[PDB]
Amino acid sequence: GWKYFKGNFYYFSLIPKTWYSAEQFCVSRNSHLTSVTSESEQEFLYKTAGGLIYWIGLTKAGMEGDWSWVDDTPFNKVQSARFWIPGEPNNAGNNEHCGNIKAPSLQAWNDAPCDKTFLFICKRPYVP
């Protein structure tokens, strides 16, 4: 059921998991929770998500709590500013250290508690 887009395959899960259990599932399939590095990838993802919420590879790293990608794509704060839901990341309850795709818009991301369960998206490189 993997979907192909610009050199990568994507798995939109059918069962929900916590952020880390999701990432572990992705790793077990030679993949990672998805990074998002272009307007067209964001668009592909939120359109495919069909209005449902999916964990992506957003998580905090370092003492500063900077956002990062679990697949080790460097996180570009300037280029990604356009991708959050207005008001996010808001860090609710001081306990939202992972990120999901939530709204069907370029402005899609929300920070949510890592232990909450959601459907999730894996991203797997295609290597010819």
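In this text, residue numbers run from 1 along the sequence as written.
Subject >> Mean C-alpha temperature factor, higher of 84-92 and 66-74 >> reply: On average, C-alpha B-factors are higher across 84-92.
Original post:
Per the entry, where is the mean C-alpha temperature factor higher: 35-43 or 50-58?
Top reply: Comparing 35-43 with 50-58, the higher mean C-alpha B-factor belongs to 35-43.
Original post:
Say you rank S21, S13, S105, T117 by Cα B-factor from the PDB entry; which sits at the top?
Top reply: Largest recorded C-alpha B-factor: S105.
Subject >> Ranked against its chain, the third holding the CA B-factor of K3 >> reply: It falls in the middle third of the chain.
**OP:** Just say lowest, middle or highest third for the CA B-factor of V127 relative to the other modelled residues in its chain.
**Re:** It falls in the top third of the chain.
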